[PDB]
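The next block holds one structure in the form of structure tokens; read it before the comments.
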Amino acid sequence: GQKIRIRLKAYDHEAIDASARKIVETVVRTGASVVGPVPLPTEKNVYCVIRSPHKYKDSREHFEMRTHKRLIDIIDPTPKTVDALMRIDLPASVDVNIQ
Amino acid sequence: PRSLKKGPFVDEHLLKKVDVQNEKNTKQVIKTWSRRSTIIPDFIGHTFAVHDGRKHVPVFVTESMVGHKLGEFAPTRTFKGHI
Amino acid sequence: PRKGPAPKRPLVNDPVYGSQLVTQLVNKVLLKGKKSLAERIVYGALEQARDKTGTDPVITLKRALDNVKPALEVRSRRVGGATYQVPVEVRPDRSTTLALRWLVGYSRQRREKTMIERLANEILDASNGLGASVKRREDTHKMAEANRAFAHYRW
Amino acid sequence: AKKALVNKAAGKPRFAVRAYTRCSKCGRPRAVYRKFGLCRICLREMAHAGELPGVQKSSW
Amino acid sequence: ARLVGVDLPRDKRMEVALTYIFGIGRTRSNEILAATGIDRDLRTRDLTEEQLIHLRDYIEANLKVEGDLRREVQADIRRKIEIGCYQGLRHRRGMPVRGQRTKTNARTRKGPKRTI
Amino acid sequence: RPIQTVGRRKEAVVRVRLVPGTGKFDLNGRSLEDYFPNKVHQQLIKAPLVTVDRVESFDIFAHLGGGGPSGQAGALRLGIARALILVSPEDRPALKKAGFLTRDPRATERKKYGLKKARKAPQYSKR
RNA sequence: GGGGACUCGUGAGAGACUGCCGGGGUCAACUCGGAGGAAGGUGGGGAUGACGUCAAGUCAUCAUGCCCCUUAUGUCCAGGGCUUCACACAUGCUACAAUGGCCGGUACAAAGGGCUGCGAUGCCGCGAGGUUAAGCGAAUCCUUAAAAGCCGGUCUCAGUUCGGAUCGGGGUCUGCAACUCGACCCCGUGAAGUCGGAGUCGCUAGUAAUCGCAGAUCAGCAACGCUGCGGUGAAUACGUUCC
Ligand SMILES: [Mg+2]
Ligand SMILES: [Mg+2]
Ligand SMILES: [Mg+2]
Ligand SMILES: [Mg+2]
Ligand SMILES: [Mg+2]
Ligand SMILES: [Mg+2]
Ligand SMILES: [Mg+2]
Ligand SMILES: [Mg+2]
Ligand SMILES: [Mg+2]
Ligand SMILES: [Mg+2]
Ligand SMILES: [Mg+2]
Ligand SMILES: [Mg+2]
Ligand SMILES: [Mg+2]
Ligand SMILES: [Mg+2]
Ligand SMILES: [Mg+2]
Ligand SMILES: [Mg+2]
Ligand SMILES: [Zn+2]
């Protein structure tokens with residue numbers, strides 16, 4: 001049917017959409033039905049630390065941690081494709097789920 | 001332990017020290033550090049040397065201190081007055 | 001400021017009573033951002049003003065302000081080892097401000113129960129020249145007209 | 001901190017509520033975040049150094 | 001209108017007039033007036049003596065009011081003092097008993113500032 | 001073809017679907033006096049309509065969402081004035097002169113560290 | 001089911017430069033006023049701290065030179081303390097009420113958290129909670145009912161239906177354990193306080209004032225703190241003499 005659901009996550013911008021575009025281009029050449037990379041909202045994890053190691057409360061930093069999500073593609077689970085879905089080496093800063 | 005679903009709380013090393021004396025009916029003092037233990041109505045008449053931080057303080061369980069913790073009768077701090 | 005005057009904000013016409021004087025009264029009554037509360041007090045007191053005269057209430061309001069607008073204020077100035085007050089001329093849109101503050105202020109400490117019947121009784125007593133808001137008008141005038149000798153140092 | 005207290009917090013204590021956290025770089029008992037395992041100080045050098053991914057300075 | 005020897009404040013609504021009894025606040029006042037059927041929006045000057053019998057006897061069967069509440073309260077404070085507990089010593093000195101901060105506050109148990 | 005505009009004020013985002021008619025408001029399934037019960041807000045809902053004098057036409061309906069109610073009233077005013085241009089290319093200088101096309105960017109300023117609020121500082125106390 | 005219109009999510013870009021007009025200025029820098037534009041002269045806010053000062057702070061984050069301890073100034077454990085209380089200061093919270101209290105009804109957010117978890121629904125309890133268990137590593141499910149606001153009712157200016165300290169009793173949950181010393185709930189109790197002396201603080205706009213919500217640390221929590229988020233939303237600025 002249309003069963004394969006991929007769930008790319010990554011810390012940085014521009015290392016994930018290129019992993020969605022030019023790397024999951026290797027699915028349409030096996031003749032499958034793509035729906036395109038769908039952007040999801042970005043997660044944020046804000047941290048707030050005191051700068052000084054002692055007694056200066058009013059001087060602070062703000063560190064964040066973004067997480068980008070994309071490519072909720074619902075391609076055709078053809079047994080020829082599902083081999084070649086997982087042959088490519090994704091970068092180290094890209095996570096993937098096959099659900 | 002403070003909620004009626006799980007009973008009261010007495011330390012098990014303190015329950016064994018009175019059950020060896022409730023079986024033969026003697027009233028020797030029990031040196032103890034268990035301030036957190038509840039007084040139950042099997043401590044009646046028993047005396048207890050209860051640690052307060054620096055020494056052990058005698059306490060005589062009479063009848064009306066039977067819903068209290070055992071540490072409530074050895075005061076830890078000391079204050080006579082500023083002048 | 002050091003760098004000259006600042007632009008002042010336009011007040012939109014009031015929908016119930018088509019006048020910018022009503023919407024300049026609700027901003028004096030406004031406390032803690034309760035603007036729909038502040039408009040129920042002003043609208044409620046103006047409806048009680050026509051229940052005791054029959055006259056249109058904003059005509060009574062403009063007669064009430066014309067009895068409490070000051071013309072001479074009494075600003076302070078030190079010269080040497082002594083101070084004094086200089087009588088200076090109140091520009092007109094300050095006299096609107098300084099008179100709306102006296103009506104709201106002297107009726108918050110007035111002897112009724114609710115703010116609607118406190119504010120409405122002060123408007124009616126000022127449109128006849130009776131209230132405590134009218135009393136500060138001539139106290140501001142008698143103070144400034146007792147110091148005509150110092151009107152020669154006007155910055 | 002003291003080197004005995006760093007080894008004690010690593011092991012398994014009696015009465016499992018008695019456990020706590022220390023910084024995995026310097027062994028500090030306070031201000032340790034759970035996402036990183038680091039205190040407020042060691043988080044701040046390692047984020048500037050780019051040594052833990054996804055973390056940078058935020059402005060909004 | 002004496003209820004239990006308490007002299008209710010005249011010209012006052014019945015939800016609040018029962019709260020002048022030592023031992024009844026607003027929750028008991030809703031459930032005296034619910035069992036006896038006397039409505040809450042009633043003044044105390046319009047009360048009926050036939051109605052006053054209905055709630056002068058519901059209270060002794062269920063509640064605890066002046067005198068024998070006030071003596072049961074002051075015999076609990078009395079109990080802690082001779083057993084020598086922590087709160088009994090803490091009752092003897094006018095210091096606060098429920099684990100309170102005594103460095104910058106507790107001006108309720110203590111009086112006004114002695115100012116040495 | 002349907003008029004599709006959008007106005008937004010602070011966080012409110014309305015979606016005006018201006019249709020010609022007898023003049024009727026049903027904002028989010030609810031009329032004007034049933035959704036905005038305040039006469040000051042209702043003055044500025046149809047304040048672009050009294051300028052162009054087309055208030056007796058144009059029964060609208062919108063999808064009111066986000067923000068608070070005063071933000072929703074001002075966002076609806078920007079939605080109407082940007083919808084009157086798609087039915088009329090000649091009332092544009094009339095509504096630009098009043099200021100009904102300005103989006104009015106006035107957001108809540110962020111809280112800054114060391115401060116009690118966006119700008120409020122704590123007690124100074126030099127000694 | 002489906003649609004690609006509208007929002008939104010997020011990629012890539014367009015846009016503001018004194019670019020255009022008029023007056024002033026050495027024709028210059030630039031300034032005053034327009035037009036057009038979502039925005040106009042740094043559009044709003046953040047990030048960003050030159051050379052140095054204060055022998056400023058930190059040897060208790062870490063690191064380190066000297067110096068001292070090595071049957072103890074090392075290290076384990078149980079109890080206690082860090083929470084004391086004639087007082088003095090400092091930063092806040094809740095108040096002294098009618099622009100309010102209480103009861104009933106009803107509307108509109110944003111940014112966040114969730115596997116040793118979030119607990120919908122049902123059921124029992126006045127209530128904190130207990131129990132059962134769906135769905136969810138989440139734009140999906142839960143957190144999640146925002147509170148002020150609006151409308152109706154009542155109180156009627158009183159130390160009160162204001163205030164909610166203190167104390168008496170009864171509980172729930174976390175945890176080996178809640179006495180010293182946890183928070184929350186129910187019933188009772190109902191203190192000071194009626195707007196604060198000399199003095200002193202913050203704030204120029206979505207600011208101040210007021211109203212909630214969330215996060216980190218965390219078993220629980222002394223969270224009224226701190227860092228954020230949105231709701232409603234002012235009054236003024238002549239001016240540069242004085243501080
Ligand atoms: Mg712990
Ligand atoms: Mg705010
Ligand atoms: Mg300071
Ligand atoms: Mg710069
Ligand atoms: Mg020094
Ligand atoms: Mg020093
Ligand atoms: Mg050393
Ligand atoms: Mg120890
Ligand atoms: Mg301390
Ligand atoms: Mg009350
Ligand atoms: Mg309500
Ligand atoms: Mg129930
Ligand atoms: Mg009301
Ligand atoms: Mg008094
Ligand atoms: Mg009063
Ligand atoms: Mg917590
Ligand atoms: Zn560290």
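Each chain gets a letter, A, B and so on, in the order the sequences are listed, and its residues count up from 1.
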North or south: where does the sugar of [N] fall when you read the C1'-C2'-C3'-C4' torsion?
N: G:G239; result: north
N: G:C195; result: south
N: G:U26; result: north
N: G:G202; result: north
N: G:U99; result: south

(request) Compute the ring centroids of E:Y86 and B:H68, then answer whether they are less than 6.0 Å apart. (result) no
Measure the [atom1]-[atom2] distance between [X] and [Y] for me, rounded to the nearest 0.5 Å.
X: C:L25; Y: C:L119; atom1: CG; atom2: CG; answer: 6.0 Å
X: F:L76; Y: F:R15; atom1: CG; atom2: CZ; answer: 13.0 Å
X: B:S34; Y: B:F9; atom1: OG; atom2: CZ; answer: 6.5 Å
X: F:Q72; Y: F:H41; atom1: CD; atom2: NE2; answer: 10.5 Å

Take atom [atom1] of [X] and atom [atom2] of [N], then tell me their distance rounded to the nearest Å.
X: C:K34; N: G:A235; atom1: NZ; atom2: P; value: 18 Å
X: E:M14; N: G:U154; atom1: CE; atom2: P; value: 19 Å
X: F:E11; N: G:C108; atom1: CD; atom2: P; value: 17 Å
X: B:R2; N: G:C185; atom1: CZ; atom2: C1'; value: 12 Å
X: B:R36; N: G:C176; atom1: CZ; atom2: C1'; value: 6 Å
X: C:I116; N: G:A98; atom1: CD1; atom2: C1'; value: 11 Å

side-chain N/O [X] vs [N] OP1/OP2, d < 4.0 Å:
X: E:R93; N: G:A86; result: no
X: F:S70; N: G:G233; result: yes
X: E:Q100; N: G:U166; result: yes
X: B:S34; N: G:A177; result: no
X: A:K44; N: G:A214; result: no
X: C:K32; N: G:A235; result: no
X: D:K3; N: G:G74; result: no
X: C:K28; N: G:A235; result: no
X: B:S3; N: G:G171; result: no
X: E:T102; N: G:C85; result: yes
X: F:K120; N: G:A208; result: no
X: F:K96; N: G:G36; result: yes
X: C:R9; N: G:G233; result: no
X: E:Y20; N: G:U161; result: yes

Just checking [X]: base, sugar-phosphate only, or nothing, at a heavy-atom cut-off of under 4.0 Å?
X: F:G71; answer: sugar-phosphate
X: B:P75; answer: nothing
X: F:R92; answer: sugar-phosphate
X: C:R91; answer: sugar-phosphate
X: F:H63; answer: nothing
X: F:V6; answer: sugar-phosphate
X: F:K10; answer: base

Using a distance-only criterion (donor-acceptor N/O pair, under 3.5 Å, no hydrogens), is the base of [N] paired with the side chain of [X]?
X: B:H68; N: G:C179; result: no
X: F:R17; N: G:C6; result: no
X: C:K35; N: G:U99; result: no
X: C:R40; N: G:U99; result: no
X: E:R13; N: G:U161; result: yes
X: B:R35; N: G:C179; result: yes
X: E:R26; N: G:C102; result: no

(message) Can you tell me if B:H51 is stacked onto the base of G:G79, using a 5.5 Å centroid cut-off and an angle below 30°?
(response) no
Given that both distances must come in under 3.5 Å, which nucleotide forms a Watson-Crick or G-U wobble pair with [N]?
N: G:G92; value: none
N: G:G104; value: G:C151
N: G:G135; value: G:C118
N: G:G228; value: G:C213

If you measure from the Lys or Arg side-chain nitrogens to the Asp or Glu carboxylate oxygens, is any gap between [X] and [Y] under 4.0 Å?
X: F:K112; Y: F:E109; result: yes
X: E:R71; Y: E:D68; result: no
X: A:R66; Y: A:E43; result: no

(request) Given side chain to side chain contact (heavy atoms under 4.5 Å, CB included), test D:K57 with A:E64 step by step and report yes or no. (result) CA-CA 6 Å; D:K57 288 181 66 173; A:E64 67 184 359; over 6 Å; no
Write out a two-atom table: protein N or O, nucleotide N or O from nucleotides 13-23 of chain G, distance below 3.5 Å.
none

(message) Could you tell me if E:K80 and E:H91 have a donor-acceptor pair between their side chains, going purely by distance under 3.5 Å?
(response) no
(message) When you compare the side chains of B:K69 and B:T38, does any donor N or O come within less than 3.5 Å of an acceptor on the partner?
(response) yes
(request) Give a yes/no verdict on a cation-pi contact between E:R70 and E:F22, requiring under 6.0 Å between NZ or CZ and the six-membered ring centre and an angle within 45° of the axis. (result) yes
(request) Report the glycosidic orientation of G:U121: syn if within 90° of 0, anti in every other case. (result) syn
(request) Enter syn or anti for the glycosidic conformation of G:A223, syn applying to angles within 90° of 0. (result) syn
(message) If you assign A:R70 and E:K80 each to the RNA chain G nucleotide with the nearest heavy atom, which residue ends up on the more 5' nucleotide?
(response) A:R70
(message) Taking the nucleotide of RNA chain G with the nearest heavy atom to each, does C:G4 or F:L115 sit closer to the 5' end?
(response) F:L115
(message) Donor-acceptor check, side chain of F:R9 to backbone of F:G71, threshold 3.5 angstrom: yes or no?
(response) no
(message) Return a single string for nucleotides 44-63 of chain G, one symbol per nucleotide in 5' to 3' order, where B is base contact, S is sugar-phosphate-only contact and - is none, cutoff 4.0 angstrom on heavy atoms.
(response) -BBSS-------BBS--BS-
(request) Compare the minimum distances between each of G:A177, G:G149, G:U180 and the side chain of C:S36, then state the nucleotide with the smallest one. (result) G:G149
